[PDB]
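Novice: Experimental structure and its sequence below.
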Protein chains: 6
Amino acid sequence: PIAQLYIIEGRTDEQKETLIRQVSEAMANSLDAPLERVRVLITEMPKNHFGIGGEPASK
Amino acid sequence: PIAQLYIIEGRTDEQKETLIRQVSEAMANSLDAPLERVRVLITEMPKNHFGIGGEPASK
Amino acid sequence: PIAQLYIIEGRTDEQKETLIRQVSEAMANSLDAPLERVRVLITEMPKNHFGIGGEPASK
Amino acid sequence: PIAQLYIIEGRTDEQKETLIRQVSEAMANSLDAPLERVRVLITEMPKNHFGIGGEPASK
Amino acid sequence: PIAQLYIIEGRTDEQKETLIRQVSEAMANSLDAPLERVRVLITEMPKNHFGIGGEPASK
Amino acid sequence: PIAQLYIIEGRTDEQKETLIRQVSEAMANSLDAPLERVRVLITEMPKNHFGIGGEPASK
């Protein structure tokens, strides 16, 4: 199982690392899959590459 | 934030429901983000659509 | 440019053709790209493969 | 409904905001979905990251 | 390294298996990565989920 | 057919060109599609955006 995470810019290296850990553990546990098999991809983007109801996340 | 999960077929609806809850609570805690803005997408595929070291997961 | 569209099941083939046409015009106009080079991909999923703040869209 | 847009580097922030607004409109209108529930993701790449018949776009 | 392949429905089981193999091989060679670490996902869609210049591929 | 490739940063432009080449020939030959209709997208990311068994690639 592979997870691709789309997050807006601005997180520390530490938060991103925690995010990889905790999301992998949630998948392993929910899917009944060995943790070593899980892959996690973070896809970061600037705040104005994210649109909400027709408006840029940066508003 | 948004998560896209690529999983192989075979999980029950209630198993998929756990998966959505638990990955979402993972993202909300890691990022310090509101759980209500988390979106999760499940991309499910046949076992032979997943390749591992050059070989179908279906061996 | 390419658009990948993540939509829930339930729409007819002609509502999906309208969707391809209107997003394609939207991209060509905004980006000033020839309409002929725009590619659109529709990634359709069950309602329960879509989680909204920890809950499947189906609910 | 969510749209992920793959575009080549080079546009201004005002062109990206227009793309977000118009693509969100087209999706709301084509799918009969509330405009406020539409999410758009822009995934921008360098020209040499896009290949056409085996060659980079940048050629 | 991971590859997500978006192909239109209809290819045989043997063709998809070949596709996975040959793609995996191409990534391992070019990137100088062990073939065992390569992961390949196939995302298959109906011919009318593919839009070329504002029109369904199916036409 | 379209390929989206997820690779870690650090390859030269010439390596990325080889990668595009070689992947496109494997798809065209596996699927016997016309090589010039093959599209490739490279999505490159930092080493700490890539998680393996719960840990950043960058360790």
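Specialist: Cool, the structure landed. Numbers count the residues shown, from 1 in each chain, chains lettered A, B, ... in the order given.
Novice: Can you pull the residues of chain A lying near chain B?
Specialist: Contact residues (C-beta under 8 Å from any C-beta of the partner chain) of chain A with chain B: A:1-8, A:11, A:15, A:18-19, A:22-23, A:25-27, A:29-31. Yep, even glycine has a C-beta here, placed from its N, CA and C like the rest.
Novice: Name the nearest residue to the spatially most distant residue from the centre of chain A, ignoring sequence neighbours.
Specialist: Taking C-alpha atoms, centre = their mean, the residue of chain A most remote from its mean C-alpha position is residue A:54, at 22.7 Å. Leaving aside its sequence neighbours, residue A:54 sits nearest to residue D:24 (C-beta to C-beta, 6 or more residues apart in numbering or on different chains; 3.9 Å).
Novice: ok now do the one you found, which residues does it touch?
Specialist: A:51, A:53-54, D:3, D:35, D:38, D:40 (C-beta atoms under 8 Å, 6 or more residues apart in numbering or on different chains).
Novice: can you check residue A:17 too?
Specialist: Shown in contact with residue A:17 (C-beta under 8 Å, 6+ apart): F:48, F:56.
Novice: hang on, it in a strand?
Specialist: No. Assignment of residue A:17 by DSSP: H, G, I helix; E, B strand; the rest coil gives helix, placing it outside any strand.
Novice: That one and residue F:56, how far apart?
Specialist: Look at residue A:17 and residue F:56: by C-beta to C-beta, to the nearest Å, they are 6 Å apart.
Novice: shared neighbours, these two?
Specialist: Common neighbours of residue A:17 and residue F:56 (C-beta under 8 Å, 6+ apart) are residue F:48.
Novice: Identify all contacting residues around stretch A:26-37.
Specialist: Residues contacting stretch A:26-37 (C-beta under 8 Å, 6+ apart): A:1, A:3, A:24-25, A:38, B:5, B:7, B:11, B:15, B:18-19, B:22-23, B:25-26, F:52-54.
Novice: Drop anything exposed from those residues.
Specialist: Among those, those buried by neighbour count (16 or more other C-beta atoms under 10 Å in any protein chain shown) are A:1, A:3, A:24-25, A:38, B:5, B:7, B:11, B:19, B:22-23, B:26, F:52, F:54.
Novice: what's the most distant pair in the residues you listed?
Specialist: The largest separation in these, counting by C-beta to C-beta, is between B:11 and F:52 at 22.5 Å.
Novice: From start to finish, how long is stretch A:34-47 in a straight line?
Specialist: Using C-alpha to C-alpha, to the nearest Å, the end-to-end distance of stretch A:34-47 comes to 34 Å.
Novice: Residue A:36: how many residues sit nearby?
Specialist: 11 (other C-beta atoms under 10 Å in any protein chain shown).
Novice: do you know how far it is from residue D:18?
Specialist: Distance from residue A:36 to residue D:18, by C-beta to C-beta: 45 Å.
Novice: same thing with residue A:59?
Specialist: Residue A:59 is 15 Å from residue D:18, where distance means C-beta to C-beta.
Novice: just how off-centre is stretch A:22-39 within its chain?
Specialist: Its chain's C-alpha centre and that of stretch A:22-39 lie 14 Å apart, by C-alpha atoms, centre = their mean, to the nearest Å.
Novice: Next, give phi and psi for the residue farthest from the centre of chain A.
Specialist: According to degrees, to the nearest 10, the main-chain angles of residue A:54 amount to phi 90, psi -10.
Novice: mind listing what residue A:47 touches?
Specialist: Applying C-beta under 8 Å, 6+ apart to residue A:47 gives the contacts A:8-10, A:56-58.
Novice: got the residues you listed as a markdown table, with secondary structure columns?
Specialist: Listed next are the contacts of residue A:47 as a markdown table, based on three-state DSSP:
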| residue | secondary structure |
| --- | --- |
| A:8 | strand |
| A:9 | coil |
| A:10 | coil |
| A:56 | strand |
| A:57 | coil |
| A:58 | coil |
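Novice: which of those lies closest to residue C:44?
Specialist: Of all the contacts of residue A:47, residue C:44 sits closest to residue A:57, with 25.5 Å by C-beta to C-beta.
Novice: ok, that closest one to residue E:31 distance?
Specialist: Using C-beta to C-beta, residue A:57 is found at 33 Å from residue E:31.
Novice: on that earlier part again, return the member of the buried ones among the contacts of stretch A:26-37 nearest to residue B:45.
Specialist: Nearest to residue B:45 among the buried ones among the contacts of stretch A:26-37: residue B:7, at 7.7 Å, using C-beta to C-beta.
Novice: ok so the closest one is a strand residue?
Specialist: Yes. The assignment for residue B:7 by three-state DSSP puts it in a strand.
Novice: can you give me the helices in chain A?
Specialist: A:13-31 (DSSP state H).
Novice: So which bits of it are right by chain D?
Specialist: For chain A, the contact set with chain D under C-beta under 8 Å from any C-beta comprises A:6, A:43, A:45, A:48-56.
Novice: count of neighbours near residue A:12?
Specialist: Count around residue A:12 with other C-beta under 10 Å applied: 8.
Novice: list the contacts for it?
Specialist: Counted by C-beta under 8 Å, 6+ apart, residue A:12 has zero contacts.
Novice: Now do the phi/psi pair for residue A:10.
Specialist: Main-chain dihedrals, residue A:10, degrees, to the nearest 10: phi 110, psi 0.
Novice: contacting residues for it?
Specialist: For residue A:10, the contacting residues are residue A:47, by C-beta under 8 Å, 6+ apart.
Novice: Next one: it from chain E, what distance?
Specialist: Residue A:10 sits 25 Å away from chain E, going by C-beta to the nearest C-beta, to the nearest Å.
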